[PDB]
Protein chains: 2
Amino acid sequence: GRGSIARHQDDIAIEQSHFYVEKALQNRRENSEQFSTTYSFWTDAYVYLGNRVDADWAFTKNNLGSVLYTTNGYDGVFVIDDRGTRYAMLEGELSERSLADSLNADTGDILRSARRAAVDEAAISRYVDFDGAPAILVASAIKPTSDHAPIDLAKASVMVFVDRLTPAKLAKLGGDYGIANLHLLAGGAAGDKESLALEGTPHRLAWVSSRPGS
Amino acid sequence: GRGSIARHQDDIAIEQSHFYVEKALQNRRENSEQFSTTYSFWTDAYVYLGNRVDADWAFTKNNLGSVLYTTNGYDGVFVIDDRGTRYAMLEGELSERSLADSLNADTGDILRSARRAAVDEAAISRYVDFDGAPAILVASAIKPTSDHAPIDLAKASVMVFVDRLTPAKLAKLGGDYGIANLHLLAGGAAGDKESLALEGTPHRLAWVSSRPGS
């Protein structure tokens, strides 16, 4: 036997808490990537949101409309292409504010990455500063299903879902994963709290280290 | 202060393991409930599946087709109404086997429960024995969105999604939540393993007692 390594119970609790905050975020992102490909790998979406955007089909007829906010919690829903933002829904209402104006991240990178990932039937996800708030962004190319003739993914439009990590959403997420008082770290010092970075943003999530799930 | 209560470290680990398995299941169920209403609260779905089921639209045109299995992992996708099963897709292929023949649970109960929940814009979920295997079932009424004229939900058809808890899905779910060797309990005794019941089924989930995550 090499011998055991005994650990401080607080160190174990802190390690578990970081593990479960990371898993909460990863699981949220993977669920949202699946949601995005559900809405974007869809022949109807390719017809009505590829090329010219039919806001009547998307918003008035509720095919990509306010429910995505009032039920699914996507504070931002966008269709973008090489010219920029072609459709914008902010908090369930039509908006003229472009995705690029709302984000710290480069939207051309989002467009290109979503186009490439669509080759593997995949979406992309990342963290962003959405108008000064932490958010998870997911994006996937708008393409028809396999019964349709093939298209060139290099020119496909891209659907974007922006999930702002509000105090209420963070508190529910923390409860979902047994984390005590998950919140956006206010100042620059965590002090008594543990914290992690939402990489690609200046935001950090912080929480009180207690025995998680107890 | 009342004074502290010190606990056995293995007892804490066991309590945390039960907490995170229960959260793993609840979060999976809530996600599938959202997925179900994404597909069922949909005017096109009401048109092509609400009464007579158009399998060309659903399967050939991939609006409710094989991707729901090959990407989203739903081993069973059904449309049911007062007459029984109107549409059945098993492992991504059209099937003649009814939902009622596949379940231990009563499908009239599912129809009624979903038709009611739709009044509150909700789906329903439960655990089932799906042809001898543990599964999560979710169901929601097929109804158009609010721009459409009102319909009678009491006569609406119901979409049903069946997520079979295969060994691969269970191992991945367990890893998602820091659980060691999550599996379908083989025999009748867990012995050294922890277990919980999938209520409404004879199935139990079992796992090896470890410090979760860590």
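Please treat every number below as a calculation from the coordinates, not as lab data. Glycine gets a Cβ as well: all are built from the backbone with ideal geometry, and neighbour counts include every protein chain shown.
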Set of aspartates and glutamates with alpha-carbon distance to A:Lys155 below 13 Å, sequence-local pairs under 8 removed = A:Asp81, A:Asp82
Taking +1 at the Cβ of each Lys and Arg and -1 at the Cβ of each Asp and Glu, which of A:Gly188, B:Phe41, B:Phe161 sits farthest along the dipole of the protein assembly as shown towards its positive end, judged by Cα position relative to the Cα centre?
-> A:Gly188
Using a/c under 1.5 as the rounded threshold, could you call region A:32-164 rounded, prolate or oblate? The axes a ≥ b ≥ c are square roots of the C-alpha gyration tensor eigenvalues, and prolate needs a/b larger than b/c, oblate otherwise.
-> oblate
Dipole of region B:29-164, positive end: most advanced residue of B:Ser98, B:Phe59, B:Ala123 [Cβ charges, Cα centre] | B:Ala123
Among the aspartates and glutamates, which fall within straight-line cross-link reach of B:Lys193, defined as a Cα-Cα distance under 19 Å, with same-chain neighbours fewer than 8 residues apart omitted?
-> B:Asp10, B:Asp11, B:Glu15, B:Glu22
Label 7 Å along Cα→Cβ of B:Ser98; region B:47-74 residues with amide nitrogen under 17 Å?
-> B:53
Where does each of B:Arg7, A:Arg112 land when they are ranked from fewest to most other beta-carbon atoms within 10 angstrom?
-> B:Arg7, A:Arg112
Between copies, how far does the label point of A:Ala149 sit from its twins, in nm, shortest first, when each point is 7 Å from Cα along Cα→Cβ?
-> 3.8
Selection of GluC sites (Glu not before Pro), region A:66-106, meeting DSSP coil and at most 11 other Cβ within 10 Å = A:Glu96
Reciprocal of mean inverse Cα separation for region A:169-214 (Kirkwood radius, Å) | 10.9
For region B:155-208 and region B:1-23, compute the distance between their C-alpha centroids and round to whole Å.
-> 22
Spin-label model distance (nm) - B:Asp10 vs A:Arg112, 7 Å beyond Cα toward Cβ = 5.7
Going residue by residue through region A:55-60, the Karplus relation 6.51 cos²θ - 1.76 cosθ + 1.60 with θ = phi - 60° gives ³J(HN,Hα) values, rounded to whole Hz and with x marking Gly or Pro, of 5, 5, 5, 6, 9, 5
Using θ = phi - 60° and the Karplus curve 6.51 cos²θ - 1.76 cosθ + 1.60, what whole-Hz ³J(HN,Hα) does each residue of region B:187-193 get, with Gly and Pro shown as x?
-> x, x, 10, 6, x, 6, 9
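Which of rounded, prolate or oblate describes the protein assembly as shown when judged by the alpha-carbon gyration tensor and an a/c cut-off of 1.5?
oblate
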